[PDB]
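The analysis underlying the following values was restricted to heavy atoms, covering all of them including side chains, and did not include hydrogens, waters or symmetry mates. Just so we're on the same page: letters track the sequence lines, and every chain starts at 1.
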Amino acid sequence: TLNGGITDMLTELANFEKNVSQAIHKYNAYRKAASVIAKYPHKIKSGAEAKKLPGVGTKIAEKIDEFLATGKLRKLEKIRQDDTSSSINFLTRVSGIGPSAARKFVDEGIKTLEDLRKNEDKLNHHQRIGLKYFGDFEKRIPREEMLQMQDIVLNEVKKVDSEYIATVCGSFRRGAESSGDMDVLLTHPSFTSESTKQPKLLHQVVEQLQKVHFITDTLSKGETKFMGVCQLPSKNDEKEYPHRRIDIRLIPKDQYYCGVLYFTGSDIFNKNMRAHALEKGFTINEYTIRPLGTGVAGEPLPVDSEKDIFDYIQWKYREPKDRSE
DNA sequence: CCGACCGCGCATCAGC
DNA sequence: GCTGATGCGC
DNA sequence: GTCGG
Ligand SMILES: Nc1nc2c(ncn2[C@H]2C[C@H](O)[C@@H](COP(=O)(O)OP(=O)(O)OP(=O)(O)O)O2)c(=S)[nH]1
Ligand SMILES: [Ca+2]
Ligand SMILES: [Ca+2]
Ligand SMILES: [Cl-]
Ligand code: NA
Ligand code: NA
């Protein structure tokens, strides 16, 4: 938290561009700069000191100057005062409400937590569950609880078929002491890039996790991506655990290493890596790394480890715990 | 400069 | 019903 | 908003 004052500022600005301005590249620009200043291992004394880092330019320089003097950012102070944009940025904290839906509701006078509860009929399914567990989802999960959840999901995946492999990823695999939510990579030998020797593969796992009341709600579901809700079992008289966001990704087993790369993140690490891949003439997604021959994807290169992906784009390997950009 | 700015799964809707 | 585009999220 | 041809 060396320059916590500054990354916070830039994150709030990032949210405002993402949510009220619907300016996604400004949101990325602001987030990259917050990321690179967070990695910086000195207390920043100057806006010019910051401009030296990639992703800090003039406009962020001047804002860091204003903030270091006054402790504030006038732009942020007035953004806070504005009743409209403050409401739109609140509504996007509900899972399923993004920047268009948040602005559509505040056009209809729906702008506070009491108003969403009154008009749940105007909300789709993902937004209803988002509203139901709004408080729970704001809470972070302790690594202790993440370890309990891991044991339930892996023991249940083993009871459906012992050939499943389930790998917990996200900030957990990077060694976070606390997690936003849980992310499970799933392979089965019957699902590769060649064929899908068995159907319902992801369905079976979700069904069983629902049969034991671990999974409690479904935001979205398909053949390879599940997005929903889960809860640890509690003991007698114990207050129930908070409900938790769970994501499960069924990845073809021969593409495990590219998938576990994707799912370990961070999101910003993923972005710097794929962006650097393009500079080296490659493209990386969760499935493959492919050459660029006129900027059209050639054939998947062969991949036996995570490090093989790092070697193609000519990066030294970085442990999961060092990808938390 | 001043256009380019990762990559993709699922849900929803307009058009056909 | 499909297809593309848009919204939402990872 | 930043930045690289
Ligand atoms: N390429 C890419 N990958 C992403 C993105 N967002 C998330 N991911 C990937 C990497 C993330 O580690 C993984 C899980 O996303 P998640 O929102 O849970 O983030 P996380 O790193 O686990 O952080 P917390 O869950 O602990 O808040 O999905 C974006 S925007 N792009
Ligand atoms: Ca997570
Ligand atoms: Ca997640
Ligand atoms: Cl691919
Ligand atoms: Na810079
Ligand atoms: Na949101």
Enquirer: Minimum heavy-atom separation for A/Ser95 and A/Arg245, please, with both atom names.
Expert: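 In terms of heavy atoms, the two residues are closest at OG-NE, 4.5 Å.
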Enquirer: Side-chain donor or acceptor of A/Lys225 under 3.5 Å from a matching atom on the base of B/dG9?
Expert: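 Answer yes: a donor N or O sits under 3.5 Å from an acceptor.
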Enquirer: Less than 4.5 Å apart, any side-chain heavy atom of A/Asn285 and any of A/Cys258?
Expert: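 A side-chain contact under 4.5 Å is absent here.
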Enquirer: Could you check how far CD1 of A/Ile246 sits from P of B/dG9, rounded to whole Å?
Expert: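 To the nearest whole Å, that distance equals 20 Å.
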Enquirer: Are A/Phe90 and A/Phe134 close enough that their ring centers fall under 6.0 Å?
Expert: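 Between A/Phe134 and A/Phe90, which both carry aromatic rings, the centre distance is below 6.0 Å.
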Enquirer: Do any side-chain nitrogens or oxygens of A/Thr218 fall under 4.0 Å of OP1 or OP2 in B/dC10?
Expert: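 So the side-chain polar atoms of A/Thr218 never come under 4.0 Å of the phosphate oxygens OP1 or OP2 of B/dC10.
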Enquirer: Write down the distance between CD1 (A/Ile24) and P (D/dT2), rounded to a whole number of angstrom.
Expert: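 Rounded to the whole Å, the gap is 16 Å.
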Enquirer: What's the CG-P distance between A/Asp183 and B/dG9, to the nearest Å?
Expert: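 Result: 16 Å.
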Enquirer: If you draw a 6.0 Å radius around NZ in A/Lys139, do more than 12 non-hydrogen atoms from other residues or ligands fall strictly inside?
Expert: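 Above 12, so yes.
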Enquirer: Within this structure, what is the CD1-to-P distance between A/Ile313 and B/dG7, rounded to whole angstrom?
Expert: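 Taking CD1 of A/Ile313 and P of B/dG7, I get 12 Å after rounding.
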Enquirer: Work out the sugar pucker of D/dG1 as north or south, treating a positive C1'-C2'-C3'-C4' as north.
Expert: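 Negative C1'-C2'-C3'-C4' torsion, south pucker.
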Enquirer: Ignoring backbone atoms, test whether A/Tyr262 places a side-chain nitrogen or oxygen under 4.0 Å from the OP1 or OP2 oxygen of B/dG9.
Expert: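 Looking at the OP1 and OP2 atoms of B/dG9, neither is under 4.0 Å from any side-chain N or O of A/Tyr262.
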Enquirer: When the distance from CG of A/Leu219 to P of C/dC8 is rounded to whole Å, what number comes out?
Expert: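 Result: 14 Å.
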Enquirer: Has A/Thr283 got a side-chain N or O lying under 4.0 Å from the OP1 or OP2 atom of B/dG7?
Expert: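 Looking at the OP1 and OP2 atoms of B/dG7, one of them is under 4.0 Å from a side-chain N or O of A/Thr283.
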Enquirer: Kindly say if A/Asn28 contacts the phosphate of B/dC5, meaning a side-chain N or O under 4.0 Å from OP1 or OP2.
Expert: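 Checking B/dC5 against A/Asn28, no side-chain N or O comes under 4.0 Å of OP1 or OP2.
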Enquirer: In whole Å, what separates the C1' atom of D/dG1 from that of B/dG9?
Expert: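 Pairwise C1' distance, D/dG1 against B/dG9, rounds to 29 Å.
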Enquirer: What integer distance in Å separates A/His125:NE2 from C/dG9:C1'?
Expert: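 Going from A/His125 (NE2) to C/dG9 (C1'), I get 15 Å.
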Enquirer: Salt bridge or not for A/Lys63 and A/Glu66, using N-O below 4.0 Å?
Expert: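 Salt bridge between A/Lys63 and A/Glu66, a charged N being under 4.0 Å from a carboxylate O: no.
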Enquirer: Of the listed nucleotides (B/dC10, B/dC8, D/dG1), which one gets closest to any side-chain atom of A/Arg290?
Expert: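 Ranking B/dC10, B/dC8, D/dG1 by closest atom to the A/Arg290 side chain puts B/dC8 first.
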Enquirer: Of the options D/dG1, D/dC3, C/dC10, whose atoms approach the side-chain atoms of A/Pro54 most closely?
Expert: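 Looking only at side-chain atoms, A/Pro54 lies closest to D/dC3.
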Enquirer: Any donor-acceptor pair under 3.5 Å linking the side-chain atoms of A/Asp254 with those of A/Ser193?
Expert: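 Distance-only check passes for A/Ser193 and A/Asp254.
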Enquirer: Which nucleotide sits closest to the side chain of A/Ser95: C/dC8, C/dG9, D/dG1?
Expert: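 Closest nucleotide among those given: C/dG9.
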Enquirer: With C1'-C2'-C3'-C4' as the criterion (positive north, negative south), name the sugar pucker of C/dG9.
Expert: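 Here the sugar adopts a north pucker, which is what a positive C1'-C2'-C3'-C4' value indicates.
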Enquirer: For the pair made of CG in A/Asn270 and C1' in C/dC10, what is the distance, rounded to whole Å?
Expert: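 A/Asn270 atom CG is separated from C/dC10 atom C1' by 10 Å.
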Enquirer: Do A/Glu325 and A/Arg318 sit within salt-bridge range, that is, some charged N less than 4.0 Å from a carboxylate O?
Expert: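 Between A/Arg318 and A/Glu325 there is a salt bridge, with a charged N closer than 4.0 Å to a carboxylate O.
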Enquirer: Looking at every strand, decide which applies to A/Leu278 at a 4.0 Å heavy-atom threshold: base, sugar-phosphate, or nothing.
Expert: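 Sugar-phosphate only.
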Enquirer: For nucleotides B/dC5 and C/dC10, find the distance between their P atoms and express it as a whole number of Å.
Expert: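 My reading of the P atoms in B/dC5 and C/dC10 gives 24 Å.
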Enquirer: What integer distance in Å separates A/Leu10:CG from D/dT2:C1'?
Expert: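 After rounding, the gap between these two atoms is 13 Å.
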Enquirer: What's touching nucleotides 2-4 of chain C from the protein side, N or O pairs under 3.5 Å?
Expert:
none

Enquirer: Closest to the A/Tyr30 side chain: D/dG1, B/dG9, C/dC10?
Expert: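 Closest of the options to the side chain of A/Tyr30: D/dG1.
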Enquirer: Among the candidates D/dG1, B/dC8, B/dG9, find the nucleotide nearest to the side-chain atoms of A/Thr224.
Expert: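 The answer is B/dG9, which lies nearest to the side chain.
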Enquirer: Report the residue (A/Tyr287 or A/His25) whose heavy-atom-nearest nucleotide on DNA chain B is the more 5′ of the two.
Expert: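 On the 5' side of the pair lies A/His25.
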Enquirer: Looking only at the side chains, is there a donor atom on one of A/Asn89 and A/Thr92 sitting less than 3.5 Å from an acceptor on the other?
Expert: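 No pair is found: no donor N or O on one side chain lies under 3.5 Å from an acceptor on the other.
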Enquirer: For the residue pair A/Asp83 and A/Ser86, confirm or rule out a side-chain donor-acceptor distance under 3.5 Å.
Expert: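 No pair is found: no donor N or O on one side chain lies under 3.5 Å from an acceptor on the other.
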Enquirer: Verify the contact: side-chain N or O of A/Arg245 to OP1 or OP2 of C/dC10, cut-off strictly under 4.0 Å; return yes or no.
Expert: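 For A/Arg245, the contact criterion (side-chain N or O under 4.0 Å from OP1 or OP2 of C/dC10) is met.
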